[PDB]
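Based on what follows, work out the 3D shape:
(8 chains, ligands or ions: 6)
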Amino acid sequence: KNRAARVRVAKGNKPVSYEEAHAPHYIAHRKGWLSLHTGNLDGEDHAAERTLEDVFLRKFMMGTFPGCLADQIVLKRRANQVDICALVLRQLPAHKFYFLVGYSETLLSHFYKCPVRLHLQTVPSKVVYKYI
Amino acid sequence: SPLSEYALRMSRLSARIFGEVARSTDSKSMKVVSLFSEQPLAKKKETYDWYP
Amino acid sequence: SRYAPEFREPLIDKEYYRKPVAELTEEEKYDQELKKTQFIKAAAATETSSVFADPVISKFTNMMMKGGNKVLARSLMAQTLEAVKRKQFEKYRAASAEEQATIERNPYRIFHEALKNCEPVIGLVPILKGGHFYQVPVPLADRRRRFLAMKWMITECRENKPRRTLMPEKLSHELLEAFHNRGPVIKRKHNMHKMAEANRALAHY
Amino acid sequence: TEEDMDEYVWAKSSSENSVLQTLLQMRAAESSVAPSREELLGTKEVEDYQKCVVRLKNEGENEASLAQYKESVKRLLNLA
Amino acid sequence: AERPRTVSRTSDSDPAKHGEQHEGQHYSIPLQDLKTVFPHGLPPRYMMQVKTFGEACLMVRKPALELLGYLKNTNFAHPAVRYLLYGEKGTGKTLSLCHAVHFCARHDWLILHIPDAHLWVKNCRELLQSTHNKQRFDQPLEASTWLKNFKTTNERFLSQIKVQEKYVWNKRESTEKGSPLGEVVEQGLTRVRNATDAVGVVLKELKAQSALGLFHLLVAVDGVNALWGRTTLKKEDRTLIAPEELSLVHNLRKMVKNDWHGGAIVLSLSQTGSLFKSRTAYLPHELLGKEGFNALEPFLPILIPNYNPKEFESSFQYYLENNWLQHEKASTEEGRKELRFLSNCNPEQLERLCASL
Amino acid sequence: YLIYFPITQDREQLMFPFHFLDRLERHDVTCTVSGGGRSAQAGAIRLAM
Amino acid sequence: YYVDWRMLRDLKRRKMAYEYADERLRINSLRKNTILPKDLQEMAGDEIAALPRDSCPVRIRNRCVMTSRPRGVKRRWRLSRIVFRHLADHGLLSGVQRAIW
RNA sequence: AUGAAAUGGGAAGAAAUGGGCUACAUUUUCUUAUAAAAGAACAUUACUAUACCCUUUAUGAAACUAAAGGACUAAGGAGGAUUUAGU
Ligand SMILES: Nc1ncnc2c1ncn2[C@@H]1O[C@H](COP(=O)(O)OP(=O)(O)OP(=O)(O)O)[C@@H](O)[C@H]1O
Ligand SMILES: [Mg+2]
Ligand SMILES: [Mg+2]
Ligand SMILES: [Mg+2]
Ligand SMILES: [Mg+2]
Ligand SMILES: [Mg+2]
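Residues are numbered from 1 along each chain as shown, chains lettered A, B, ... in the order given. Ligands and ions are numbered 1, 2, ... in the order given. There you are, the coordinates:
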């Protein structure tokens, strides 16, 4: 049996999101890609470096917004610009989010030497695709 | 076929223009041109910056 | 298979399509109208309306082919037919008028009558009962009876020939020697039938 | 040398020598006094043969171009 | 019908009688002329047809009629004319050249017929060196076989012609001036070491003596493209040899030159058996090359095409007249139309297709 | 087609369309086959014809 | 901290080969030819040998940047088959999908 | 010190067994073309060594590795029961 990225069946009481519900073979069929860069296109270089930056950027955002992320972040690179699109729960006060955006943007712009912007869409609670 | 004088002297005239090796060089001695025309493996950014 | 089960085997008979409508039996007439609403398989690469195409010989060519080398197998069969025609022409010219009548110079007719002479009516299927090997008389279908004749010929020539002889020269010498009911392949057929007689009692098992 | 040249030049070639030698043997058999080189290679017969060989060498060789060459040889060699 | 069967044979056994009226008609070559004029040079598959049918019959065709016309009007005083038969595979070049060899043979010409010239540039199992010139090599077996056939064809003229010089074969053996040319041939066969040298003497003698008006000389070389090409023979150093270095190829290159008179040179091109040439090469420059073309010019190219409608029907009826086409459907109009498509009127392909049928 | 297709089975495959409709020697065909081997190219031409 | 001590040794091998690249290029050129006296070539063969062993560029091994796995690595991403499969199977690699055909 | 680092080594088999490779040839071997056709070879080394041995080239700092020639050539003559894959 295949155990990869499959949120296994419980007893109908586990709330899975749309992204979690779909197994790897549904990538490019029902669900898209969380990161979009040009480094895996044919005849393009720097796939290794773009992928390493993504791994870090996901661990950074989880720790910087602990318990406030409703779903996985979406990374969008255009030219040298990096854009982080995160669904965040409305737990923290509004002014605290302005602090973490100013901090996380400046810190990651001086670390990777690119303009980095953070885009946050606030949800009242995690969105449940189905109960499995 | 063999290369007559006209053919050989034209080939040297071409090499002189295109900055190619002009003399008769053995295959062994052509590696010197390769070594100094190509970035060494240890100087390529993939090797020395392999790791984060 | 890449053909859905609804596909129909193609019919490559030139005369059949051009026959007058009244000459066709109503059963055949029905199939033509039905096939108009069916899917037809594409014809094979070796399926043509040629008047020189013989299915029996075409099958014999495929049973000699090795590793998909059809050009070589067809060449060997073509050389065989020629080697049989040239062997009968020599005999015909070097024979009296009375003898000349009997001599057959058609290689296609010597090939068909040779194979038929090597086809065994009954067979033997080896069985194991009680820790021994009891082979028992069996009856063979029209497909199994024809396959055995062709297989026995292609195996006598492949193996029991001198090292420097070639297949067009051993096969030609066997089609003609079988065509007269005296070859070793005919003996293989005779041995099959004689064993079946011996095992008449063991047919029950 | 001739091999180096990319476009055939009938003048001062193996063809011109072979043609001139044949025409010299032809006039000698006729019992005529030995003729000049320019005389033999100025005739119209030799003019046409030059054009046909050049076409074969440069324009390209084909059954059509070889047929034209066949006629020039017949005129040059006085063949029926 | 059998209307072309009447056109499938001609009663004019003698090649001189043939004319345009005889086109597409098969003339039987006399049995004695096969064992004398043609001990070699007939294609291998054609020889199989002669054994099975029991008779050799050569279709009269327009290409071979044009050649016979030039040979009749030959101006012996003028230098020899090189006739080059060029055509695609199986078109009949070899048998068109053999038709000329029959015409000259019957008029009492001296036949110098090289059956295949590719055999001298490949698959040699004994390659010695030449005493005459140490740079050259000698092919004893290749020369020995040719001499035996040259002797058979020209046996009559081997006593009349006589050597004009002295040839020292060995310290103990030499040929006195004046002795018959047959002696040179006899020594070559007797002592295989000198075989490659007897051939050179024969070619040299005939070329010089022909101009004296004693006899006419037909230099018939089939496969002439081999002489000025490449070889697949290697020296003791395992280095490939060149055509000129071989003694047989060197001598022959002189005979195909137009520097003599008293005869005619008939050449043929064959990509079959050729070394380092493509399968679809038939044109003169493609096969001869730049070296071969310059050597032979001015030459008269004679295209040998595929069977025309009249010739194809005559060939079809000739096979039917011998009972060769034993298949029941071969005689029918649908069979004939099929064989015309598969063969495409190519003489060789039609012979191969009918062989199996 | 005799030069391009030296194998008989390839030529027979080109004969099948015309021979079937008894139209041999009545049409002039110009083909352009790219890709595949000898047998695959004859089969592709047969359908195109 | 690097993943393990094996990745640390390799990192040092990669930084010492970069330092001695020009030197090992200039010296090794004197040996890869037939134009210079064999006495000089035999001596240049010893100058190259005397350089530190970690300068030699054939002692570099490509290891997964995240797990330091010596074998199974894909050179375009510098990740092992196991690590690459985890990022790919979750939609985290841009354009990488499963191959169905 | 069961931690770290450097240098040098990590050997072989009258052995059994699994899988693969090549061969045992004539539907074959060599050569040119190309799988068309042609000319040769064809049983003692003819077929036939991707071993050993000997040279040369490639990568390397290091040949102990790989490739290409060279000779040397042994065994192998289609394989007992039994067993594998393929619609
Ligand atoms: N004049 C002819 N009379 C009879 N048969 C002929 C004639 N011309 C051609 N053929 C047939 O064609 C076959 C080939 O002829 P031939 O050998 O002369 O051709 P080719 O063009 O010289 O061939 P290649 O290019 O292979 O040397 C013959 O064996 C014969 O079956
Ligand atoms: Mg020929
Ligand atoms: Mg390594
Ligand atoms: Mg320790
Ligand atoms: Mg072949
Ligand atoms: Mg070295």
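
What residue in chain F comes nearest to chain E?
Nearest residue of chain F to chain E, counting by Cβ to the nearest Cβ: residue F:2, 4.1 Å away. Just so you know, the C-beta spots here come from the backbone N, C-alpha and C atoms, and that holds for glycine as well.

Work out for me the element the closest residue to residue E:256 other than its chain neighbours sits within.
With Cβ to Cβ, 6 or more residues apart in numbering or on different chains as the measure, residue E:265 is the residue that lies nearest to residue E:256, at 5.7 Å, once sequence neighbours are left out. Here residue E:265 sits within strand E:263-268, counting by DSSP states H and E.

And the contacts of that strand?
With Cβ atoms under 8 Å, 6 or more residues apart in numbering or on different chains as the test, strand E:263-268 has contacts from E:67, E:70-71, E:74, E:76, E:80-85, E:93-94, E:96-97, E:100-101, E:104, E:109-110, E:210, E:216-224, E:255-256, E:258, E:296, E:299.

how far does that strand sit from the chain's center?
9 Å (Cα atoms, centre = their mean, to the nearest Å).

wait, does that strand contact ligand 1?
No - contact of strand E:263-268 with ligand 1 (Cβ under 6 Å from any ligand atom) is absent, the minimum separation being 6.7 Å.

could you point out which element follows that strand?
helix E:284-296.

Does ligand 1 have contacts with that following helix?
No - against ligand 1, helix E:284-296 shows no contacts by Cβ under 6 Å from any ligand atom, the least distance being 10.3 Å.

what angle separates that helix from strand E:263-268?
Counting by axes from the mean of the first three to the mean of the last three Cα atoms, to 10 degrees, helix E:284-296 lies at 160 degrees to strand E:263-268.

ok, back up a step: leaving aside the residues next to it on the chain, what's closest to the residue of chain F closest to chain E?
Per Cβ to Cβ, 6+ apart, closest to residue F:2 is residue E:344, 4.1 Å.

Can you report phi and psi for that neighbour?
Here is the backbone geometry of residue E:344 (degrees, to the nearest 10): phi 70, psi 20.

ok so, going back, looking at the contacts of strand E:263-268, which are in strands?
E:82, E:83, E:84, E:85, E:110, E:217, E:218, E:219, E:220, E:221, E:222, E:299 (DSSP state E).

can I get those residues in CSV with distance to residue F:27?
Output for the ones in strands among the contacts of strand E:263-268, formatted as CSV (distance: Cβ to Cβ, whole Å):
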residue, distance to residue F:27
E:82, 42
E:83, 38
E:84, 36
E:85, 33
E:110, 53
E:217, 51
E:218, 46
E:219, 47
E:220, 43
E:221, 43
E:222, 38
E:299, 39
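
now, which of these sits nearest residue A:56?
residue E:84 (80.4 Å; Cβ to Cβ).

In contact with that closest one, which residues are there?
E:224, E:267, E:268, E:269, E:284, E:296, E:299, E:300, E:301, E:302.

May I ask you to confirm that the last one is in contact with residue E:86?
Yes - taking contact to mean Cβ atoms under 8 Å, the distance of 7.3 Å between residue E:302 and residue E:86 places them in contact.

Please name the nearest non-neighbouring residue to the spatially most central residue of chain C.
Nearest residue to the geometric centre of chain C (Cα atoms, centre = their mean): residue C:56, 4.6 Å. In this structure, residue C:56 finds its nearest non-sequential neighbour in residue C:112, 6.3 Å apart by Cβ to Cβ, 6+ apart.

ok, then the element right after the helix or strand hosting that neighbour?
Here residue C:112 sits within helix C:107-117, counting by DSSP H and E. As assigned by DSSP H and E, the chain's next helix or strand after helix C:107-117 is strand C:122-129.

what residues does chain G put near RNA strand H?
G:5, G:8-9, G:24, G:28, G:31-32, G:45, G:48-49, G:53-54, G:56-59 (Cβ under 7 Å from any atom of the strand).

Nearest to residue C:141 among the ones in strands among the contacts of strand E:263-268?
Closest to residue C:141, out of all of these and judged by Cβ to Cβ, is residue E:222, at 57.3 Å.

Might one say that the closest one is in contact with residue E:256?
No - with contact defined as Cβ under 8 Å, residue E:222 does not count as touching residue E:256 (11.9 Å).

more neighbours, those two?
Legend: neighbour count by other Cβ atoms under 10 Å in any protein chain shown for residue E:222 and residue E:256, higher for residue E:222 (25 against 21).

what is the spatially closest residue to that one that is not a sequence neighbour paired to in the beta sheet?
Closest residue to residue E:222 apart from its sequence neighbours, by Cβ to Cβ, 6+ apart: residue E:268 at 4.5 Å. Counting by DSSP bridges, residue E:268 forms beta bridges with residue E:85, residue E:222.

list the contacts for the residue of chain C found nearest chain D?
Chain D sits closest to residue C:71 of chain C, with a gap of 30.5 Å, by Cβ to the nearest Cβ. With contact taken as Cβ under 8 Å, 6+ apart, residue C:71 is in contact with F:7, F:9.

repeat for the one 5 residues further on
Going by Cβ under 8 Å, 6+ apart, residue C:76 touches C:64, C:167, C:168, C:171.

Next: residue F:12.
Contact partners of residue F:12, counting by Cβ under 8 Å, 6+ apart, are C:48, C:50, E:342.

Output these in JSON lines, with secondary structure appended to each entry.
Below are the contacts of residue F:12 laid out as JSON lines (DSSP: H, G, I helix; E, B strand; the rest coil):
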{"residue": "C:48", "secondary structure": "coil"}
{"residue": "C:50", "secondary structure": "coil"}
{"residue": "E:342", "secondary structure": "helix"}
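
Can you say which of those residues are buried?
C:48, C:50, E:342 (16 or more other Cβ atoms under 10 Å in any protein chain shown).

Chain neighbours aside, what residue packs nearest to the residue of chain D found nearest chain F?
Closest contact between chain D and chain F, by Cβ to the nearest Cβ, is at residue D:63 (14.0 Å). Nearest non-adjacent residue to residue D:63, counting by Cβ to Cβ, 6+ apart: residue E:303, 6.1 Å away.

Ok, residue E:204 next?
Nearest residue to residue E:204 in three dimensions, chain neighbours excluded: residue E:251, at 7.6 Å (Cβ to Cβ, 6+ apart).

Pretty sure the one you found sits against residue E:197.
No - if you go by Cβ under 8 Å, residue E:251 and residue E:197 don't touch, sitting 9.6 Å apart.

More neighbours: these two, which one.
Using other Cβ under 10 Å, the more surrounded residue of residue E:251 and residue E:197 is residue E:197, with 23 against 20.

okay, the helix or strand the more buried one falls within in CSV with CA atoms only?
Element membership for residue E:197 (DSSP H and E) is helix E:195-210. Coordinates of each C-alpha in helix E:195-210 appear next as CSV, following Å, rounded to 0.1, in the frame of the first residue of the first chain:
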residue,chain,number,x,y,z
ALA,E,195,50.7,-15.8,-64.6
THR,E,196,50.4,-12.1,-63.7
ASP,E,197,53.3,-11.4,-66.1
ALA,E,198,52.1,-13.4,-69.0
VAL,E,199,48.9,-11.4,-68.9
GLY,E,200,50.9,-8.2,-69.1
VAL,E,201,52.8,-9.5,-72.1
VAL,E,202,49.5,-10.5,-73.8
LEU,E,203,47.9,-7.1,-73.3
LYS,E,204,51.1,-5.4,-74.5
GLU,E,205,51.5,-7.6,-77.6
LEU,E,206,48.0,-7.3,-78.8
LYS,E,207,47.8,-3.5,-78.3
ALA,E,208,51.0,-3.0,-80.4
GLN,E,209,50.3,-5.6,-83.1
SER,E,210,46.7,-4.6,-83.6
